[PDB]
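Chains as they are written, first to last, in the authors' numbering: chain HL, 2 to 426; chain IL, 1 to 426; chain G, 171 to 229, 246 to 292; chain AW, 4 to 375; chain IK, 1 to 436; chain F, 489 to 536; chain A0, 29 to 70.
Even for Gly, the Cβ is constructed at its ideal location relative to N, Cα and C.
Report on one structure; see the data block that follows.
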Amino acid sequence: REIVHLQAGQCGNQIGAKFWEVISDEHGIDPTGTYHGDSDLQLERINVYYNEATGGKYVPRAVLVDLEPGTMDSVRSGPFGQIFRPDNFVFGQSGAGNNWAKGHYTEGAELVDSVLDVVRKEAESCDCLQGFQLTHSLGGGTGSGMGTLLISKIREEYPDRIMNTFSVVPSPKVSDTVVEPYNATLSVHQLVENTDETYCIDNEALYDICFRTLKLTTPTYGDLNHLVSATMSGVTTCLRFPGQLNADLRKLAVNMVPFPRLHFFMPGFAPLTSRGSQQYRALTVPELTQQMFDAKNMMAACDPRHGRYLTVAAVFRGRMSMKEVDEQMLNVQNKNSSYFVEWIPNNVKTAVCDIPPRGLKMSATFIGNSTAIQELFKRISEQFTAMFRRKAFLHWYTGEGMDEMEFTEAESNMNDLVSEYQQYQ
Amino acid sequence: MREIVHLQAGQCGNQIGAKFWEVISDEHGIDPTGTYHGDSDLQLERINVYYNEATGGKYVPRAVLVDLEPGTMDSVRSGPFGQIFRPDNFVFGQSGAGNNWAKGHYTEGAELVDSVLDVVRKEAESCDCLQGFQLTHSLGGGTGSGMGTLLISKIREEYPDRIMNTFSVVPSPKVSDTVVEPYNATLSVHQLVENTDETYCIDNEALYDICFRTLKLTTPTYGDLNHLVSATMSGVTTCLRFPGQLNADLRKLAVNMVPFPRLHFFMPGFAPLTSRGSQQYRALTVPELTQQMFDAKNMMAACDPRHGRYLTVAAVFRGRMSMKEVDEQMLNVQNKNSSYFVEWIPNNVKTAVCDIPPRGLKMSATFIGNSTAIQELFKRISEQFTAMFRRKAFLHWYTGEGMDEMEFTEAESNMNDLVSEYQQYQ
Amino acid sequence: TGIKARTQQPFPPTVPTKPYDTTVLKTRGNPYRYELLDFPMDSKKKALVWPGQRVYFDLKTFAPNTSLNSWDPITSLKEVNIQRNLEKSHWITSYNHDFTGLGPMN
Amino acid sequence: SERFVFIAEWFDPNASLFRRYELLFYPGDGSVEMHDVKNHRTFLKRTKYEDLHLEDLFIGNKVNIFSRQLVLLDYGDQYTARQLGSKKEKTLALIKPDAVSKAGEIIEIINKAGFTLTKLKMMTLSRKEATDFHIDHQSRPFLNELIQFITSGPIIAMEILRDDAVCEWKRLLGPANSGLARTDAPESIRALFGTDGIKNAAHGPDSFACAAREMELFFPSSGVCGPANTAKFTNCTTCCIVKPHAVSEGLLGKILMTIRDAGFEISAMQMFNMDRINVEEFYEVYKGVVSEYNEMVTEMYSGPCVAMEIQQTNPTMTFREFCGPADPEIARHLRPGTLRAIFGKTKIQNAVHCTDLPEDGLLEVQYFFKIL
Amino acid sequence: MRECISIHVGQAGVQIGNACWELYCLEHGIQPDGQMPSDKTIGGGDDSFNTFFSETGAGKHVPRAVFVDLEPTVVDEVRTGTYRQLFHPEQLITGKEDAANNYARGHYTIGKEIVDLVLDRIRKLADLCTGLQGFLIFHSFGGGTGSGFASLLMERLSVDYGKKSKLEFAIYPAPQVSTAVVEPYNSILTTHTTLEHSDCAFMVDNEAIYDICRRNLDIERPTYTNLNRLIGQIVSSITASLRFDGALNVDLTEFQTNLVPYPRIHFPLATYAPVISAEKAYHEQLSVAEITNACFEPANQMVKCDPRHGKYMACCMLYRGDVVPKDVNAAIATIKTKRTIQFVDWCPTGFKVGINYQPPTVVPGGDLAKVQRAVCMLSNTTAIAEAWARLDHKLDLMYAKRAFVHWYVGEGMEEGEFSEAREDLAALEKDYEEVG
Amino acid sequence: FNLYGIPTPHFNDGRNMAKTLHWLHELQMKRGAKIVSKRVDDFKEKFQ
Amino acid sequence: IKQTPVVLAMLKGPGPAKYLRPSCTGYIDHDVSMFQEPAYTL
Ligand SMILES: Nc1nc2c(ncn2[C@@H]2O[C@H](COP(=O)(O)OP(=O)(O)OP(=O)(O)O)[C@@H](O)[C@H]2O)c(=O)[nH]1
Ligand SMILES: Nc1nc2c(ncn2[C@@H]2O[C@H](COP(=O)(O)OP(=O)(O)O)[C@@H](O)[C@H]2O)c(=O)[nH]1
Ligand SMILES: Nc1nc2c(ncn2[C@@H]2O[C@H](COP(=O)(O)OP(=O)(O)O)[C@@H](O)[C@H]2O)c(=O)[nH]1
Ligand SMILES: [Mg+2]
């Protein structure tokens with residue numbers, strides 16, 4: 002049961018570089034590849050993410066793919082960047098230019114044939130594959146263009162596996178790109194059809210949780226990448242450590258996806274305290290499970306107040322008893338009955354591991370399939386229809402192999418998906 | 001026991017032979033003086049395959065060096081390993097071939113063929129039991145393509161049952177090194193078929209692709225290419241001189257390679273080839289040498305196997321391994337990609353496993369493969385030939401030396417049958 | 171795996187090792203990103219110094251520990267063992283806590 | 004360009020004759036090329052050779068050009084004679100019976116000032132050898148005291164390679180009276196390790212003729228050796244040889260210092276430049292028991308080695324534990340105070356080779372001090 | 001072995017030999033008095049001077065070349081200047097009178113009574129060395145001795161030797177700019193009788209190299225001394241492979257088998273790429289990937305015939321210095337992939353590569369700089385068909401009213417020789433346009 | 489009188505090819521003994 | 029023009045045989061970068 006990791010774009014590359022930090026200090030892997038941990042549990046399931054080479058050096062199953070050569074330098078010279086395999090560093094010469102056309106259609110057609118070879122080399126040397134992991138940004142030209150191209154080219158090759166995408170959804174407050182809506186609606190059309198599970202991250206929700214929950218002074222991108230890495234390493238924790246209950250990466254898919262195109266999730270991470278006020282909190286299961294379902298402890302800008310949950314996951318880590326866990330799930334279902342659908346009797350899925358994160362005592366991870374996510378896609382649709390109506394920035398796309406009707410088809414599937422999310426409420 | 005006689009024709013053949021006798025002297029621990037200085041006791045008990053000695057325990061190579069010019073003979077003799085070679089094994093003439101198939105084959109080389117036959121047949125008789133002959137030469141040249149072609153013509157005239165091994169340095173597709181290379185390629189390939197049993201084609205821009213894309217060197221010189229060619233080419237005769245589990249000489253290889261005698265054009269490779277900064281993160285197992293040998297970026301003919309199915313495959317292995325894993329890997333690579341193998345042969349892969357790895361390695365391999373896709377190279381040489389010959393353009397360099405005009409037509413028509421009678425048997 | 175273990179050149183096998191010494195030619199104008207990576211000759215490794223940010227050069247916290255070797259207080263060695271045992275006590279697992287030996291674990 | 008030409012001589016073992024040659028060193032573009040004097044032709048072309056260095060090229064030196072022990076006899080030209088004879092001057096470096104114990108510092112200051120050791124041995128001078136020595140000092144006041152001082156204990160004589168070697172070693176020595184060196188010109192070795200004016204630390208020549216006569220007294224040209232060797236063939240006798248790798252960067256004096264500091268005393272010492280046929284007659288007991296042997300055997304005829312006799316007088320720690328493990332990384336992990344833990348590296352050019360078998364301490368000392 | 005005999009005819013050939021032989025004495029350690037320095041050498045063993053110098057008992061290195069000039073006035077200075085102890089006294093052959101821009105005077109009247117002496121000296125030079133590879137004759141076209149006496153020697157060298165190489169440089173008239181009026185006559189009459197007696201003629205002009213000495217060398221108002229040193233530089237880079245080691249050696253019998261497709265098409269123009277000053281090289285890096293491109297520039301090329309309109313038939317790249325084969329092949333693929341270099345349809349190979357391992361030497365006084373890379377592309381192209389057309393258009397203009405003919409037919413020459421010379425030059429013009 | 493031009497360092501005998509086919513993992517067992525952790529040893533004796 | 033899709037790596041552009049400069053030899057078509065030299069009439 003092993004996972005092949007992918008990362009496209011500058012934002013996706015930085016998120017993956019911070020995710021491998023958490024993985025490598027969880028398993029006691031040195032920044033050069035040697036082993037320096039204490040417990041035997043770290044070496045048991047090290048083949049999930051890592052590869053064994055001669056000399057006892059451990060290397061990740063990560064393929065480095067983008068368009069812009071200077072983000073090599075932000076990876077190879079990183080804190081834990083020397084463990085990566087240099088032959089998995091593939092990208093082209095010229096930049097993306099924040100175009101979906103340049104990253105998906107014309108320039109990207111000559112890079113996909115070279116990155117699929119490295120993907121085949123890493124995936125075909127395993128004993129039993131389980132799925133793929135991709136970190137990318139939906140608003141760029143590389144993560145949104147070449148990301149969907151790689152998902153399309155991987156789904157045909159391995160149709161009987163599962164897919165993980167950790168997509169940074171555009172935010173209205175953090176507007177760092179003019180052509181944000183065009184890259185937004187050109188990406189999720191090919192993300193709905195083939196990818197079976199997708200964790201949506203919003204930057205403004207991350208800033209809100211770094212301002213109101215952690216009470217941070219100056220939150221940079223490193224803190225948000227650490228939070229999204231804490232979420233990232235908490236959904237596959239049953240694959241790597243024993244526990245009193247099991248949830249591999251397909252049980253989440255079976256429990257949380259009831260209908261084929263309703264698979265967009267709201268990830269969360271519960272045990273977040275204030276900066277210096279850790280002395281005043283009781284680290285108990287009721288306190289964490291009360292904070293977990295709280296509205297401002299999310300990682301997407303959409304409010305769970307305005308909608309109703311379909312399914313809810315909760316992956317616990319630590320040596321906690323099951324009575325308070327399942328009793329508190331029963332409580333949060335019983336007193337929030339208007340916010341869960343009536344046609345599904347039990348709406349939570351629980352799992353318990355036995356290894357907490359480094360630097361804590363007990364932790365959980367919230368994943369939520371809710372109908373409140375339609376508002377985010379709705380505002381993406383308004384930002385798309387404002388720009389596209391007057392043909393605003395179309396000449397950087399239609400000059401590189403595009404039609405008008407592709408954009409209208411993307412918008413059509415956008416309001417179609419919003420209609421399916423709304424119809425079940 | 002199973003002696004091998006080495007031949008080096010032309011300046012390219014002389015350079016490759018000099019590098020080869022540099023590198024195979026380190027396997028057997030032979031210093032440039034001629035004495036033996038090795039670590040193990042296993043590298044001297046099969047010295048008869050490549051070395052003859054004299055009074056004093058100093059070993060000389062069984063190689064005959066031929067070039068019409070004496071220029072590269074000074075480069076060979078004055079190199080680091082230039083004293084082990086026999087002083088009278090250097091046959092040479094008064095003038096040069098000028099990259100002509102006429103001058104080194106009919107007029108000036110016709111005087112030198114008898115001179116090298118003086119020494120070659122004596123070196124053949126003194127062995128208790130020969131295995132065959134081994135030739136390193138160039139195709140686009142004039143001395144290797146003219147002298148050694150008459151040599152392999154009149155060695156089978158008196159040794160009809162020995163294995164003929166040639167190392168055909170074939171011209172590159174895009175960049176050319178001689179203007180008249182299609183003539184010297186076609187006219188040598190036409191005589192190659194009737195007088196060779198095993199021919200492996202080595203390019204130069206493929207070596208370049210190796211040294212820049214899979215070895216990550218910045219400045220690949222010809223010494224590096226010659227060392228890579230000799231490392232590939234010292235790997236075929238490993239079981240002839242080192243013990244193992246499934247041994248194979250040259251005749252067993254040639255039996256397992258060719259199903260028909262007109263089809264003996266192979267295409268080599270070498271498995272442990274990675275960048276020196278990339279050796280940290282790659283393990284040395286059979287399921288990685290197997291992956292590298294079947295990659296398109298580890299094959300010296302620079303022909304895409306997507307354009308033609310393999311006919312028969314051989315994989316000589318070195319090192320203490322498990323035969324079980326090798327059989328698994330070969331069956332799996334035959335079953336996964338069944339569209340790139342023929343159907344009328346049940347088992348297309350011959351496996352031979354030696355026990356002694358090369359010095360500085362713990363696990364290595366050598367890949368020799370008969371492929372239908374080698375017809376693409378002959379198609380390029382035919383296209384160049386019919387572009388240049390089509391109205392007797394360069395006739396006057398091939399009339400003053402006694403070559404007849406209809407000889408070109410025969411050298412094309414009997415070489416075009418290596419394409420028409422190559423797709424039917426596929 | 172502490173400060174005193176962060177000094178001896180054959181450090182005990184619980185401290186992470188420094189990424190190796192590299193010269194850098196950034197891509198940014200050059201055709202290839204050349205890196206002469208020195209591999210330290212076994213016994214001359216180095217205890218790892220800057221896991222805080224980029225190992226390149228720099229660009246508001248502690249990348250190394252704060253207990254500088256100049257000043258005194260590194261004492262109370264009974265005091266520092268307790269958290270080493272307590273982090274170890276978090277990695278014990280449920281089956282080894284209950285079905286190990288002749289009953290549960292005290 | 005600026006090539007350096009030398010006249011060489013290689014002994015063919017196959018044909019019992021000497022073959023003369025001509026090697027050309029190119030500094031900067033470090034490379035050699037070879038020419039033949041008899042049977043005028045070329046031997047080796049312009050090949051870049053990495054084992055040849057400018058400090059290793061002088062008259063009487065054995066050098067390895069592609070597994071051949073060719074000797075140097077003369078410069079090819081008067082250009083190279085002009086551009087090397089002013090920087091290759093030989094003078095005798097003697098050490099009196101005092102500071103034989105304090106000999107590591109003498110070697111350390113000699114190596115620090117830019118000198119090159121070519122020859123070295125430890126003797127005692129007889130009555131006639133110490134009377135021919137001090138011949139200018141005949142019928143002068145203090146003759147008996149110097150004569151009975153020289154004949155007291157062991158004498159260490161060594162050679163010196165530096166530009167203006169005689170004057171520089173006289174400058175390093177200082178004035179002969181140790182009081183004047185202590186007062187007038189300090190930091191000299193006579194100030195540091197001399198007590199009286201008779202009880203000096205070291206002595207050398209002042210001119211070239213006196214240096215040549217001293218050289219012919221102490222070291223005859225070939226064959227017969229003048230003085231003895233002071234080898235103490237006792238039960239507790241073992242051997243250790245300093246590899247040329249350690250003598251190249253001046254680790255000899257520090258080796259002597261850290262051996263005298265541990266309590267082990269040295270009874271004999273000699274500088275050797277062994278041929279291939281003698282080391283491969285000494286080290287083939289390590290054939291097959293070690294991992295790498297061919298480069299181990301060509302490492303220690305690549306230059307001059309210091310072979311010495313060392314006796315076990317330190318209680319509860321034998322010298323085989325003082326040198327330490329053969330692999331220096333096992334030494335640095337396990338025993339940080341041993342000889343290989345702090346001096347040698349890379350397992351092939353380690354610091355010293357101590358005798359592995361306690362029964363075999365007399366055999367190799369016996370070999371080094373009577374066979375050669 | 002690997003020897004070569006250089007023939008220096010005429011004022012141009014005898015002033016080229018005063019500068020190319022300076023370079024020859026500078027590659028090896030040859031002092032201007034034909035000896036090694038005070039020692040600065042070995043006691044024997046070196047043989048890289050064997051191609052151009054002969055080793056005698058006392059150690060003198062006597063050149064194997066012949067200086068011939070019917071004018072005594074120019075060889076008087078090589079025998080009295082700073083190189084008077086280097087040349088063998090009977091290798092410098094002079095006569096009574098000059099030919100004075102007359103093909104007839106150098107070919108029929110004054111040519112004959114010196115040919116026997118010159119051939120005797122060529123015989124004495126030829127048995128001095130065993131393995132002779134060919135002849136390197138340098139002369140001019142617009143003169144009387146370089147046009148007449150040299151062309152008379154081509155007839156005397158193709159019968160006595162036969163299959164020896166005959167390589168020409170043969171200073172060729174410039175299109176807009178000329179020196180003598182009657183030089184179309186001598187140029188056509190020396191191209192008529194030197195067709196089937198030679199196999200390689202490396203055409204250069206004195207105008208394009210003037211413009212080059214204004215390009216790259218930062219000199220203004222140059223003269224012939226700044227010309228002959230560049231010529232001798234490309235001369236030594238042509239034959240650098242015989243005496244210096246390299247990867248791909250090229251002998252003297254190689255240019256004919258590549259650059260000459262047809263017996264009447266044997267005129268490859270030369271090109272030296274890294275011509276540059278010391279100041280101009282201080283801001284440029286000398287790589288393979290620009291010296292490859294500088295050879296195909298019309299700026300750096302020889303005779304100004306606008307090779308954009310021509311078709312390349314056969315090239316011969318002779319690299320020199322710090323070169324690896326990788327960037328050479330990459331640059332060759334690059335210049336092949338570009339459309340604007342027109343290549344004729346019947347030559348898919350088109351290239352010949354020779355790589356040496358020796359950097360070029362620089363002279364004290366020449367404006368050329370010390371570099372690490374050097375090439376000499378001997379390119380055969382159809383663009384010189386315009387050169388012959390504008391060369392013989394002048395003969396058509398002058399012969400239309402029989403001007404200057406009485407100096408020819410009045411001395412050992414027939415009136416019918418002019419008409420057949422223009423006729424076969426027209427045949428040479430006709431066969432050049434049917435190869436495109 | 490100065491050498492101008494970009495110098496490309498290169499080795500003509502072929503020592504780069506000799507070095508790059510030495511597989512730098514046992515090049516360093518020639519100059520020492522590799523020192524891996526001990527917990528990974530007890531893992532590799534038991535599940536490898 | 030600009031609406032034609034091309035890979036940006038395959039845009040090396042015209043090489044060393046597109047332009048000739050005007051001659052220094054002759055007042056006819058002299059390049060304007062160097063000394064012209066005089067051109068005296070009768
Ligand atoms: N490049 C170059 N060309 C020269 C040189 N000397 C003479 N020329 C050319 O030769 C022509 C002069 O006539 P030449 O052919 O040399 O005179 P010649 O060969 O002695 O023949 P006669 O004068 O009749 O005796 C001029 O137009 C120049 O173009 C020289 O040193 N270098
Ligand atoms: N969470 C997080 N987001 C980032 C980071 N860096 C950039 N981003 C976001 O990614 C978007 C830019 O996309 P980018 O990766 O540069 O485009 P691409 O290279 O074509 O994939 C911006 O809107 C940023 O908000 C980071 O380190 N962390
Ligand atoms: N791999 C390799 N190829 C060489 C070497 N030397 C020459 N060649 C090839 O030999 C071909 C030309 O051969 P040539 O020099 O004419 O041989 P000749 O007939 O003896 O003169 C070229 O295409 C080169 O690629 C070498 O050292 N190594
Ligand atoms: Mg004249």
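Q | Between the CA atoms of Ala283 (chain IL) and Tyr281 (chain G) - distance to the nearest angstrom | A | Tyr281 (chain G) and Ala283 (chain IL): Cα-Cα distance of roughly 35 Å.
Q: Identify each residue in the stretch 79-101 of chain HL for which the Cβ-Cβ distance to at least one residue of chain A0 is less than 8 Å, and report them in chain order.
A: Contact annotation: in the stretch 79-101 of chain HL, residues whose CB is within less than 8 Å of a CB in chain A0 are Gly93, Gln94 and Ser95.
Q | Cutoff 6 Å; reference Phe196 (chain AW); Cβ partners in own chain excluding five residues on either side | A | Excluding positions up to five away in sequence, the list reads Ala102, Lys105 and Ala204.
Q: Tell me, please, whether the CB atom of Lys246 (chain AW) is closer than 8 Å to any CB atom in chain IK?
A: Interface with chain IK (8 Å Cβ-Cβ cutoff): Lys246 (chain AW) is excluded.
Q) Which residues, in order along the stretch 316-341 of chain AW, keep a beta-carbon less than 7 Å from a beta-carbon of chain G? A) The stretch 316-341 of chain AW vs chain G, Cβ under 7 Å: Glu332, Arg335 and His336.
Q. Grouping DSSP H, G and I as helix and E and B as strand, with all else coil, what is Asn42 (chain AW)?
A. Coil.
Q: Return the bridge partner residues of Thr199 (chain HL) from the DSSP annotation.
A: Under DSSP, the beta-bridge partners assigned to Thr199 (chain HL) are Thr166 (chain HL) and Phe265 (chain HL).
**Q.** Residues that DSSP places opposite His6 (chain HL) in a beta bridge
**A.** Paired residues: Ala63 (chain HL) and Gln134 (chain HL).
Q.
I'd like to know whether the C-beta atoms of residue 446 (chain IK) and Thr53 (chain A0) end up nearer to each other than 8 Å.
A. Given a span of 1 to 436 for chain IK in the structure shown, any question on residue 446 (chain IK) remains unanswerable.
**Q.** Simplified DSSP state of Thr381 (chain IK), which is helix, strand or coil
**A.** Strand at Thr381 (chain IK).
Q. In chain HL, what lies closer than 8 Å to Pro287 (chain IL) by C-beta?
A. Here the neighbours are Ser126.
Q. How is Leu254 (chain AW) classed by DSSP in three states: helix, strand or coil?
A. The answer is coil: DSSP assigns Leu254 (chain AW) none of H, G, I, E or B.
Q | Inter-stretch contact (C-beta, 8 Å, three-pair minimum) for the stretch 128-143 of chain HL and the stretch 97-111 of chain HL | A | Touching, yes.
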